[PDB]
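K.L.:
So that we are looking at the same thing, I have put the structure below in structure tokens.
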Amino acid sequence: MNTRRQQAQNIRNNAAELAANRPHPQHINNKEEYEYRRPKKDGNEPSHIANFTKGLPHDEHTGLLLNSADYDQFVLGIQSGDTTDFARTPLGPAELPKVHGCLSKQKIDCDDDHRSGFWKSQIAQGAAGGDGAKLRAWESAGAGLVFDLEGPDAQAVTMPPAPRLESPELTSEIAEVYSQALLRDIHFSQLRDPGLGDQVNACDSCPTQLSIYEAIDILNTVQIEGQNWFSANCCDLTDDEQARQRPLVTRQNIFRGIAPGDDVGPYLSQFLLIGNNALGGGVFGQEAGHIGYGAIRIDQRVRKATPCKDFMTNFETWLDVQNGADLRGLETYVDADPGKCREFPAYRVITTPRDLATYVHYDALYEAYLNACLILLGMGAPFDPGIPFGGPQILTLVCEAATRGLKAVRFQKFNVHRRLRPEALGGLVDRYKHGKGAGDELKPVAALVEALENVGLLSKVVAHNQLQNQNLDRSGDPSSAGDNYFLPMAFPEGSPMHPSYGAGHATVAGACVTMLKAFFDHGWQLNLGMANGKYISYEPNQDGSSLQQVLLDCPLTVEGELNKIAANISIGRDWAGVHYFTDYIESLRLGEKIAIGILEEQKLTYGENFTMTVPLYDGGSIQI
Amino acid sequence: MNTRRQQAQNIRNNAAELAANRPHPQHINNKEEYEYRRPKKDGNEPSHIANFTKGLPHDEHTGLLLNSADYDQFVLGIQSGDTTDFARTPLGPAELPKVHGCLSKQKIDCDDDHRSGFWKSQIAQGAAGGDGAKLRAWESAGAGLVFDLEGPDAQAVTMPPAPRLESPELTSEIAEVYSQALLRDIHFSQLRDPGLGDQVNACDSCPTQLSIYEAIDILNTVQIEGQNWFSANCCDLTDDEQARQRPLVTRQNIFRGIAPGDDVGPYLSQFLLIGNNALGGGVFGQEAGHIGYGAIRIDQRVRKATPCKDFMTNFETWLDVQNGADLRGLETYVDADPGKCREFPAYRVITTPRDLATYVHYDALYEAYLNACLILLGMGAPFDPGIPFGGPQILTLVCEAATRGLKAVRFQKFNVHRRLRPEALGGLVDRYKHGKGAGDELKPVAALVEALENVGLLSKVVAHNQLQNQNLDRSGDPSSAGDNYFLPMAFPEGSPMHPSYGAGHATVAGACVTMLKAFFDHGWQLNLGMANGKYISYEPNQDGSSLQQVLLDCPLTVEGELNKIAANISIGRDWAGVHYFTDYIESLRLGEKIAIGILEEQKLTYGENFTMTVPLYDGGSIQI
Amino acid sequence: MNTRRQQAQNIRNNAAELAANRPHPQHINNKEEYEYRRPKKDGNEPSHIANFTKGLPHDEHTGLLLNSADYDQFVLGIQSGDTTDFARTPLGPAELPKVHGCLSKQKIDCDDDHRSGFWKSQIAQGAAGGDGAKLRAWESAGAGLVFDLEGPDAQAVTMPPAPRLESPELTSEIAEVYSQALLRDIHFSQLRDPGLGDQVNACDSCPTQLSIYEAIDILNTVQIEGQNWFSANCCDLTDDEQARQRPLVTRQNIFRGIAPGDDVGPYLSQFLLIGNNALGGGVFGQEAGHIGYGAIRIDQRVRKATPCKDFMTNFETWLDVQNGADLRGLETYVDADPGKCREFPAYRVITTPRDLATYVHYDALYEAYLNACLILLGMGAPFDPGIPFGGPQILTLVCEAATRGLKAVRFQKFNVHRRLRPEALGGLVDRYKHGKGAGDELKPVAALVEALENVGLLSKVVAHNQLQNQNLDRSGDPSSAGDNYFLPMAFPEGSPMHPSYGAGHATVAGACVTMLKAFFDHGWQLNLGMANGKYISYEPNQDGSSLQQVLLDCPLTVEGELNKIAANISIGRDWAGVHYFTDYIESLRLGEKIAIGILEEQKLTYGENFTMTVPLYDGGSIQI
Amino acid sequence: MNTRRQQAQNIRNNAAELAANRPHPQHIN
């Protein structure tokens, strides 16, 4: 009827119109940015305590935002597209200017080959070959202002307002992240019900301040104005809050996501542990952890970071990282055992949250979800019956969604919300407890720390930190002697150089597994064998030499493990100490909208009518 | 000036118009389809000897296309979008109908649990658990009729007419593929100049009919009407043929591509051998072959197929595969050595073309080019200076191009050219030599076989095949006693169920590495260390225990190794015996046009003006 | 200003744009389709137990879906528009194929004049004049893919996900439908509070297993995981579920709708009982049941089906109907009494739910709502004061909406949800209780049957069925001896040949009465006379000779009775045993959106501005 | 090829054009 040229152009115009006709939601945040004030001479200015200020100049003595004008230049640079204005923003340690209003541009470092003198912490000042740590800029400050050829636009979708410093929800979330830091070397067998099987401890025992039972107690009894987040009924919560509300914390659901299948079985998804049978006749099984990646394979053993070595446990170390000290690659890892094969224990199966924190430290965006795809393909997992059936589509399509997710979430990070990272909050706690801050600056975090103290959690982290500060890399720091309430960090550099709300990993996670659940038969039961009339499931044995079976009543499904791995990687960041729970759940849902939109638009490219049912994280299954 | 909604829609409309305004070339093939005739009663019909007829009914005795009506129904189903008409096409063994003109629909198998009786070869009739081999349909018969949201349309780009059975070019290409089959277990050290370093033989020595020197002789002296393809000057060749013409065959350039960097150094690209240094402090180096895939790793050891075991070496085996016998997964692989680590020798570094043929047998489209990306990222390879700089874009963007390439090439495979696979040609040679075919049916391949016989190559393959037919899986087949001129095949099933011209691997290869060369600094020199004032490069040692250094005067570049790996995977199919050289070179260029087009369209999504220079396979560097 | 031609075309273009600019919701179902699995050899497949499989081949012994491939072909035919693919689907009894994956196409009947041998039940095999029952195809498989000139498109509106087999809601709904089957011959006086007036029993007394009081008990105490549907608070229910949640079950609200006016007065709407006064001077009154249909009249007496004769009470009968046995018109009806006028008792006023089930068995879509219109017109009911005022518009406009409703709901039936009919669920209960189903196939309905057994309801239906199987038409069936937990059916053929969710009657009901409430003065009080200071209302006397007055404190309104008749016809299907409650309430709301949309579009056709207020079923009154 | 929304609107536009393109007779008494 019409030429190929016209059809191809029309289909691309119709996908553009489809995208534009979708509802465009209005971007709303929690008002905290300009609400919380601090006294200046003859008036008051915004504190920006609840904001992402990492990289901007912080005061060396008080550890707070040095000049509010820096934040204004930072924001103005983000809100406009102008990189020249954004470059005017000071970065790292800075001198306060003589006249108020002027930028504290006085950048202490610029073209400086030696810069040890500017950093306050031994780690930072001696790090970069003795020259002193370098600065690091804000990664992708204007990625949310980039368009795309497919999927919904970065601003055509959104996330709800984040929790507030006053809120019960936020108090439980920071308590959860604090707890995870103290449970960071717990063996993953512990993160389930003992009824499923025998549990063990990590081979490397360390001075633990907190146990799994205590964390369940603290998370259940922590409260603001006599209200616990998990215990509060629906009437007191807004519609946004009702959706992401969680039940009473238990062994089975602690530190887990709330999508279908997360509560079932072990904490770690099978796809982070198992592999495929060897190509052709088997030399090994799925227990070995070799993914059938073509005719070669992928080792499912993550590199082992030295157990029980946290970072940013004192004021000096924390401050330098907050002033953009580049401390990447200063983590220490365990050496290999000459006698053992497979570089053990330098590489071991993900055994503790530290190992998962290490995984998500260097993972390549879609890695976990591509690897899952390969495992399912190697197992002979069936595709959606509604789709007329190869792997080539799904293998590429799981990658495609990742970048579209990042653009959407970058807008939410920098342009919309600009939520502070858990480190920054951990700082406010410490800084508040040492009577710092001008006048009424830190009054908003009073309610927070009182609740965290009333459950005895701050006593634990101070006890944790004093042991952590006995290490020689930070023992010489002035603040190591006194009490420290900072959040123990898995990485020396801490969080990436971008805002907390809208998680990059969870947005990518949400977008990727949604594609996997769409293509594959989500109901398909992964049969990893049977044992004594019960279905076989794996989790790491102690020390990470191999896997250890757990026997379940019902077998694990495709959607369940795909939902669980999404949580593992997203929540893995929380274990590392760089995200709150809201960053996972709401970003999960954001990436879902991106993935669905791309599938809806690619629907037009086929000359036939088919349909692929894709399960939602909220219990339904939308049809595309 | 205007809302975000409108801009996003406009940019997608402008990318659609940009795509439509690009020149749309007309699709032209080599006329062979309806040219070559065979006698029927009271007239003549098309033979379709030069066409892809795999799956359609072949005659059990003569081994040729049984009924030309089947091919007409096959074509009509492809050329229209109608799957109902395409399903009418018979598939596998069939009975010839009583009235001429009618389809040989008489499908021998349909709902048959036992189907051993229909297959002529012991392998096929006893394969599927003793029930007999199953049929396999034509993979993606209408994938070339699917549109896309980005890049040029599947029909908005094309490839030139393929070589003809009469041509000098085709005679050299089949001679090249025959030679590769006989050199399939040669050690990769042999495929370069001895001046570069010491060469070795494979640990598993086998009765070789052909040597490397003889192959160079045969390929240089093979000729049709006194003209060698490599020796012919430009005046006798058409503009299409001049572009893909190669020089005199030598040790350094034999079985290699003609892009920049292919001639330099070892045959295998570094990216198929080396890995990264271990994350953090090194437990191993790049020589180990562990790619830094996040915090885990990728083993660069391919699974070892039993050396010197080829397939389809007699008439019975060949015929059944040509009648769509599903013989996938019937290859045998070597067991592991209990004493050795790393499942050696069940998995070894790609040591012989057999190992590369195994790699490309099961590789996941973009695997080799994603793995290369990861290696470059781990090495700290710099990006294009013109681009304002993460990995997230390039990591996703290398995958994105793959599916767009497949749609373009599927149209070229099924809709445009429909070239016969090298197996089918190998059949025509055998079938011609046994005086089969009605009247003047096989006269077109006379010139071919005379030239292949005059260089003494057919004497070699008959000598190869008689040794291959001594194996017990095929010794009981009737044709094993007599002479066989069939092409030895690496896989039991042989080629995929789709036409030869337009290679899937090479199109994907061409599209992927073009993206990698675009993003990365193509000029960057990979420094894998120095030794005695010369630059270190690796190739597999004998038996594949580890790598073996080769010292070069100049160091290897990013573009060179990216171009070499593109050839390795594409030409790897030729080693397996499923593609000619033209399938590589022209598909390489097709994928390049796809990749460039996608980059040109994604150029609009950025609110700023930048540029990324991307090197071409033909010597220039286009700017996008 | 412009010609009549242009205006007419513009108004039709503006109504098209208005329709397109309305919000287009995304279609989401309850995920059950591919979730519930059953074991096949070397893996697992979808059971499709929760899906509509009526017509597809069911296994003769186990009574479950024979081949999952049949369902895939069924779905693929629906999801595409291709009738050729849909015709490939097998229908009725079938042979299972020798090779797995292949369709169980092996259709047992095709061109068969005698087909008694294929059916398992005496009714079916001897039905069609002794030749044996015929097949029946799926009615309107692609009606949801048809557009319209007015109102919203079939896919431009939707319904929420249906209840699940695990859910408390579904357990109460099936318990409600089971109860209705056992109360099917109860006198309609019983379905209200005794305070309103004297109640009576049906003249034809039958062995009742259940009473009205027991049904109220069972429906109130039935529960899953200790939660009753009616007793559950809002926090445990999703927003969809909160809307359609009902209060504690009582005499007044049992088996009734939840729109305004449903709870008031007798169960049956006045419009199904009363007529008009005779034209001119009265020979009769409104009590006679003669509607003033022009100068003739409509008899309000439905044909009396033999009391207490249910169908599909054993396995044989149920199975044949599930295999598409055409058993329409095999119901028996009562003969007339020669002495009595008006063909009594062969025709009587709707006295029992059986009579309402008979009404909705053969009613002509809009009949009940057209008849209501005529009654209101004859009574001199006033139109909406906002409308500038004949009957011609409303008389036609009530019909207009019906077809638009059917197209919308057909899409929801076949394309979106594909929910199983109550018969199919009743089957799963029986089939589960006899230990049928492979492995873990019927585990999802375990929770269901345990709850239904714990309230003693299954004891009742087995007691009901054994008495029902004493009839000679089914006593010779093998399964009549043993226990049967099947749902007693009012019709021999059972439900229509289309999915359960999205009711045809309720969608049409919702669309029609919405038009009637829009045009008429919804507040107008129907004054059927007064008696002793109280307002007269009618309900059937015992035996159905005439009507019986009930005296109410307040008089009945137009909207109330129009809402009650909507429930009567919709819920009348539930009494017949072919729909759940969700099918009524959500379809009611679907038809409302259709009716409102048509009125909004026809609003443009008038050159003047007026408005008509139309009451909603959810308490408000939208203005158009 | 195109979304359900567009088709539904097009079909209603084509029925409007069909109606307008029919011959319009002149009214004579």
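FYI, nothing fancy with the structure tokens labels: chains A, B, ... in order, residues from 1 per chain, ligands from 1 as they appear.
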Quick one: which chain D residues come within 10 Å of chain A, and what is the nearest atom pair for each with the distance in Å to one decimal, counting only C-alpha atoms, rows ordered by chain and ascending number, as CSV?
P.N.:
residue,atom,partner,partner_atom,distance
D:1,CA,A:604,CA,5.1
D:2,CA,A:14,CA,6.1
D:3,CA,A:14,CA,7.2
D:5,CA,A:18,CA,9.1
D:6,CA,A:14,CA,8.8
K.L.:
Show which residues sit within 12 Å of residue C:65, as a PyMOL selection string. Count only C-alpha atoms, and ignore same-chain residues fewer than 2 positions away.
P.N.:
chain C and resi 38+45-63+67-72+90-94+96+104+319+322-323+424+427-428+431+437-438+441
K.L.:
For the residues in that selection, give me C-alpha atoms as a PDB file, in the first residue's frame.
P.N.:
ATOM      1  CA  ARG C  38       1.896 -28.502  36.530  1.00  0.00           C
ATOM      2  CA  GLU C  45       4.185 -26.088  32.183  1.00  0.00           C
ATOM      3  CA  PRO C  46       1.269 -23.749  32.964  1.00  0.00           C
ATOM      4  CA  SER C  47      -1.802 -25.550  34.367  1.00  0.00           C
ATOM      5  CA  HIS C  48      -4.272 -22.898  33.207  1.00  0.00           C
ATOM      6  CA  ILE C  49      -6.582 -24.012  36.030  1.00  0.00           C
ATOM      7  CA  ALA C  50      -7.614 -20.408  36.743  1.00  0.00           C
ATOM      8  CA  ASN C  51      -8.308 -19.737  33.039  1.00  0.00           C
ATOM      9  CA  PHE C  52     -11.297 -20.126  30.729  1.00  0.00           C
ATOM     10  CA  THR C  53     -10.693 -23.446  28.946  1.00  0.00           C
ATOM     11  CA  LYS C  54     -14.305 -24.255  28.005  1.00  0.00           C
ATOM     12  CA  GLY C  55     -14.341 -25.787  24.517  1.00  0.00           C
ATOM     13  CA  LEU C  56     -10.651 -26.722  24.546  1.00  0.00           C
ATOM     14  CA  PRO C  57      -9.958 -30.453  24.952  1.00  0.00           C
ATOM     15  CA  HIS C  58     -10.263 -31.672  28.554  1.00  0.00           C
ATOM     16  CA  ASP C  59      -9.014 -35.128  29.553  1.00  0.00           C
ATOM     17  CA  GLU C  60     -11.877 -37.651  29.826  1.00  0.00           C
ATOM     18  CA  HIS C  61     -10.492 -39.346  32.962  1.00  0.00           C
ATOM     19  CA  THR C  62      -8.920 -36.530  35.013  1.00  0.00           C
ATOM     20  CA  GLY C  63     -11.195 -33.697  33.758  1.00  0.00           C
ATOM     21  CA  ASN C  67      -2.813 -30.180  26.297  1.00  0.00           C
ATOM     22  CA  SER C  68      -1.384 -26.760  27.212  1.00  0.00           C
ATOM     23  CA  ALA C  69      -0.464 -26.225  23.535  1.00  0.00           C
ATOM     24  CA  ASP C  70      -4.198 -25.973  22.751  1.00  0.00           C
ATOM     25  CA  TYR C  71      -4.464 -23.017  25.133  1.00  0.00           C
ATOM     26  CA  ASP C  72      -1.414 -21.388  23.509  1.00  0.00           C
ATOM     27  CA  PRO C  90      -8.802 -28.000  18.695  1.00  0.00           C
ATOM     28  CA  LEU C  91     -12.353 -27.999  20.054  1.00  0.00           C
ATOM     29  CA  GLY C  92     -14.274 -30.600  22.052  1.00  0.00           C
ATOM     30  CA  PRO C  93     -12.963 -34.083  22.908  1.00  0.00           C
ATOM     31  CA  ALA C  94      -9.491 -34.774  21.496  1.00  0.00           C
ATOM     32  CA  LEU C  96      -3.367 -36.452  22.996  1.00  0.00           C
ATOM     33  CA  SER C 104      -3.702 -32.189  20.488  1.00  0.00           C
ATOM     34  CA  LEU C 319     -16.952 -32.816  31.531  1.00  0.00           C
ATOM     35  CA  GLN C 322     -16.503 -28.339  29.371  1.00  0.00           C
ATOM     36  CA  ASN C 323     -15.763 -30.130  26.074  1.00  0.00           C
ATOM     37  CA  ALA C 424     -14.679 -24.551  36.149  1.00  0.00           C
ATOM     38  CA  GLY C 427     -14.784 -28.608  38.922  1.00  0.00           C
ATOM     39  CA  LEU C 428     -11.386 -27.872  40.468  1.00  0.00           C
ATOM     40  CA  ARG C 431     -11.242 -32.794  40.990  1.00  0.00           C
ATOM     41  CA  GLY C 437      -4.222 -33.610  38.871  1.00  0.00           C
ATOM     42  CA  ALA C 438      -0.540 -34.303  38.248  1.00  0.00           C
ATOM     43  CA  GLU C 441      -1.406 -29.034  39.831  1.00  0.00           C
TER      44      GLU C 441
END
K.L.:
Using the chain letters and numbers from this document, which residues of stretch 336-437 of chain B does DSSP assign to helix (DSSP H, G or I), as a ChimeraX atom specification?
P.N.:
/B:353-362,367-379,391-417,422-433
K.L.:
Do you have, as a tab-separated table, the list of residues of chain C lying at most 7 Å from chain A, each with its nearest atom pair and that distance in Å to one decimal, counting only C-alpha atoms and ordered by chain then number?
P.N.:
residue	atom	partner	partner_atom	distance
C:27	CA	A:622	CA	6.0
C:28	CA	A:622	CA	4.1
C:29	CA	A:621	CA	5.5
C:30	CA	A:620	CA	5.0
C:31	CA	A:621	CA	4.9
C:34	CA	A:523	CA	5.6
C:35	CA	A:523	CA	4.3
C:36	CA	A:523	CA	6.9
C:44	CA	A:524	CA	6.8
C:72	CA	A:385	CA	6.4
C:76	CA	A:386	CA	6.3
C:79	CA	A:610	CA	5.6
C:80	CA	A:609	CA	4.6
C:235	CA	A:234	CA	5.5
K.L.:
Find the residues around residue B:570 up to 10 Å (only C-alpha atoms counted), leave out those fewer than 6 positions away in its own chain, and share them as a VMD selection string.
P.N.:
chain B and resid 257 360 503 to 510 564 579 to 581 583 to 585 587 to 588
K.L.:
Put those residues in a file: N, CA, C and O atoms, as a PDB file, in the first residue's frame.
P.N.:
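Ended up saving to part_1.pdb:
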ATOM      1  N   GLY B 257      41.307 -11.178   7.819  1.00  0.00           N
ATOM      2  CA  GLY B 257      40.518 -10.080   7.263  1.00  0.00           C
ATOM      3  C   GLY B 257      41.396  -9.036   6.598  1.00  0.00           C
ATOM      4  O   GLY B 257      42.624  -9.122   6.651  1.00  0.00           O
ATOM      5  N   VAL B 360      32.494 -19.731  18.427  1.00  0.00           N
ATOM      6  CA  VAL B 360      31.427 -19.133  17.620  1.00  0.00           C
ATOM      7  C   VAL B 360      30.215 -20.050  17.422  1.00  0.00           C
ATOM      8  O   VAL B 360      29.202 -19.617  16.879  1.00  0.00           O
ATOM      9  N   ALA B 503      26.261 -12.689   6.679  1.00  0.00           N
ATOM     10  CA  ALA B 503      26.601 -13.463   7.873  1.00  0.00           C
ATOM     11  C   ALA B 503      26.072 -12.764   9.118  1.00  0.00           C
ATOM     12  O   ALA B 503      26.266 -11.561   9.288  1.00  0.00           O
ATOM     13  N   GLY B 504      25.405 -13.524   9.983  1.00  0.00           N
ATOM     14  CA  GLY B 504      24.892 -12.997  11.243  1.00  0.00           C
ATOM     15  C   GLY B 504      26.000 -12.551  12.182  1.00  0.00           C
ATOM     16  O   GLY B 504      25.902 -11.496  12.810  1.00  0.00           O
ATOM     17  N   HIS B 505      27.057 -13.352  12.273  1.00  0.00           N
ATOM     18  CA  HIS B 505      28.179 -13.042  13.161  1.00  0.00           C
ATOM     19  C   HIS B 505      28.953 -11.809  12.705  1.00  0.00           C
ATOM     20  O   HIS B 505      29.308 -10.962  13.523  1.00  0.00           O
ATOM     21  N   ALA B 506      29.200 -11.714  11.399  1.00  0.00           N
ATOM     22  CA  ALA B 506      29.981 -10.614  10.833  1.00  0.00           C
ATOM     23  C   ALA B 506      29.220  -9.292  10.835  1.00  0.00           C
ATOM     24  O   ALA B 506      29.819  -8.233  11.024  1.00  0.00           O
ATOM     25  N   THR B 507      27.908  -9.351  10.616  1.00  0.00           N
ATOM     26  CA  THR B 507      27.069  -8.156  10.691  1.00  0.00           C
ATOM     27  C   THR B 507      27.070  -7.615  12.112  1.00  0.00           C
ATOM     28  O   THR B 507      27.238  -6.413  12.326  1.00  0.00           O
ATOM     29  N   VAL B 508      26.890  -8.513  13.078  1.00  0.00           N
ATOM     30  CA  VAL B 508      26.945  -8.149  14.492  1.00  0.00           C
ATOM     31  C   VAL B 508      28.357  -7.680  14.858  1.00  0.00           C
ATOM     32  O   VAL B 508      28.514  -6.698  15.586  1.00  0.00           O
ATOM     33  N   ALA B 509      29.370  -8.377  14.343  1.00  0.00           N
ATOM     34  CA  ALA B 509      30.773  -8.001  14.559  1.00  0.00           C
ATOM     35  C   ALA B 509      31.050  -6.599  14.043  1.00  0.00           C
ATOM     36  O   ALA B 509      31.611  -5.764  14.756  1.00  0.00           O
ATOM     37  N   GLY B 510      30.653  -6.351  12.798  1.00  0.00           N
ATOM     38  CA  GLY B 510      30.861  -5.058  12.161  1.00  0.00           C
ATOM     39  C   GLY B 510      30.175  -3.919  12.884  1.00  0.00           C
ATOM     40  O   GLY B 510      30.732  -2.830  13.002  1.00  0.00           O
ATOM     41  N   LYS B 564      40.711  -7.081  14.452  1.00  0.00           N
ATOM     42  CA  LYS B 564      41.167  -8.468  14.349  1.00  0.00           C
ATOM     43  C   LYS B 564      40.174  -9.436  14.984  1.00  0.00           C
ATOM     44  O   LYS B 564      39.924 -10.505  14.430  1.00  0.00           O
ATOM     45  N   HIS B 579      30.508 -20.502   6.276  1.00  0.00           N
ATOM     46  CA  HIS B 579      30.519 -19.246   5.518  1.00  0.00           C
ATOM     47  C   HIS B 579      31.708 -19.116   4.563  1.00  0.00           C
ATOM     48  O   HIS B 579      32.768 -19.704   4.787  1.00  0.00           O
ATOM     49  N   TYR B 580      31.510 -18.331   3.503  1.00  0.00           N
ATOM     50  CA  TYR B 580      32.583 -17.957   2.579  1.00  0.00           C
ATOM     51  C   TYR B 580      33.209 -16.655   3.080  1.00  0.00           C
ATOM     52  O   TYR B 580      32.732 -16.066   4.050  1.00  0.00           O
ATOM     53  N   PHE B 581      34.269 -16.198   2.416  1.00  0.00           N
ATOM     54  CA  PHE B 581      34.922 -14.946   2.806  1.00  0.00           C
ATOM     55  C   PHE B 581      34.031 -13.731   2.552  1.00  0.00           C
ATOM     56  O   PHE B 581      34.028 -12.792   3.349  1.00  0.00           O
ATOM     57  N   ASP B 583      30.942 -13.434   2.843  1.00  0.00           N
ATOM     58  CA  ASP B 583      29.989 -13.329   3.940  1.00  0.00           C
ATOM     59  C   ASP B 583      30.561 -12.492   5.083  1.00  0.00           C
ATOM     60  O   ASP B 583      29.821 -11.765   5.737  1.00  0.00           O
ATOM     61  N   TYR B 584      31.871 -12.590   5.317  1.00  0.00           N
ATOM     62  CA  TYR B 584      32.533 -11.760   6.329  1.00  0.00           C
ATOM     63  C   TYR B 584      32.629 -10.307   5.869  1.00  0.00           C
ATOM     64  O   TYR B 584      32.015  -9.425   6.468  1.00  0.00           O
ATOM     65  N   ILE B 585      33.385 -10.075   4.796  1.00  0.00           N
ATOM     66  CA  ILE B 585      33.781  -8.720   4.395  1.00  0.00           C
ATOM     67  C   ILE B 585      32.590  -7.800   4.105  1.00  0.00           C
ATOM     68  O   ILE B 585      32.573  -6.653   4.553  1.00  0.00           O
ATOM     69  N   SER B 587      29.353  -8.289   5.033  1.00  0.00           N
ATOM     70  CA  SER B 587      28.552  -8.162   6.256  1.00  0.00           C
ATOM     71  C   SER B 587      29.224  -7.226   7.252  1.00  0.00           C
ATOM     72  O   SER B 587      28.548  -6.480   7.959  1.00  0.00           O
ATOM     73  N   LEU B 588      30.554  -7.283   7.309  1.00  0.00           N
ATOM     74  CA  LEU B 588      31.345  -6.360   8.125  1.00  0.00           C
ATOM     75  C   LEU B 588      30.946  -4.924   7.803  1.00  0.00           C
ATOM     76  O   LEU B 588      30.669  -4.126   8.698  1.00  0.00           O
TER      77      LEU B 588
END
K.L.:
Extract, using only C-alpha atoms, all DNA, RNA and protein residues at most 8 Å from residue D:12, discarding same-chain residues fewer than 4 positions from it, and format them as a VMD selection string.
P.N.:
(chain C and resid 12 to 13 16 148 to 149) or (chain D and resid 8 16)
K.L.:
Write out the residues from the selection above, keeping N, CA, C and O atoms, as a compact mmCIF listing (two decimals), in the first residue's frame.
P.N.:
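For reference, again-v3.txt as written:
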# COMPACT_ATOMS: atom_id res chain seq x y z
N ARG C 12 -18.20 15.68 14.22
CA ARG C 12 -17.79 14.28 14.23
C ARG C 12 -16.28 14.11 14.43
O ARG C 12 -15.84 13.10 14.99
N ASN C 13 -15.50 15.08 13.96
CA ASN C 13 -14.05 15.10 14.22
C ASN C 13 -13.73 15.48 15.66
O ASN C 13 -12.77 14.96 16.25
N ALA C 16 -14.44 12.62 17.89
CA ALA C 16 -13.35 11.66 17.72
C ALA C 16 -12.12 12.07 18.53
O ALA C 16 -11.47 11.23 19.15
N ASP C 148 -15.84 1.59 16.96
CA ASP C 148 -17.19 2.16 16.96
C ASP C 148 -17.19 3.64 16.57
O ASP C 148 -16.19 4.34 16.72
N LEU C 149 -18.34 4.11 16.07
CA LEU C 149 -18.51 5.50 15.64
C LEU C 149 -18.78 6.45 16.80
O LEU C 149 -18.55 7.66 16.69
N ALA D 8 -8.74 4.06 15.97
CA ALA D 8 -10.10 4.40 16.40
C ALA D 8 -10.49 5.81 15.98
O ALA D 8 -11.61 6.04 15.51
N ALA D 16 -16.57 10.25 8.93
CA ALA D 16 -16.99 11.65 8.82
C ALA D 16 -16.75 12.19 7.41
O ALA D 16 -17.59 12.91 6.87
K.L.:
Report the distance between atom CA of residue B:249 and atom CA of residue B:191 in Å, rounded to one decimal place.
P.N.:
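A separation of 11.8 Å between them.
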K.L.:
Name all residues at most 9 Å from residue A:406 (count only C-alpha atoms; drop same-chain ones fewer than 2 positions away) and give them as a PyMOL selection string.
P.N.:
(chain A and resi 143-144+154+401-404+408-411+503-505+507-508+591) or (chain B and resi 392)
K.L.:
Distance atom CA of residue A:77-atom CA of residue A:327, one decimal place?
P.N.:
25.8 Å
K.L.:
For residue A:224, which residue out of A:268, A:370, A:448, A:196 is the nearest one, using only C-alpha atoms?
P.N.:
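Counting only C-alpha atoms, the residue closest to residue A:224 is A:448.
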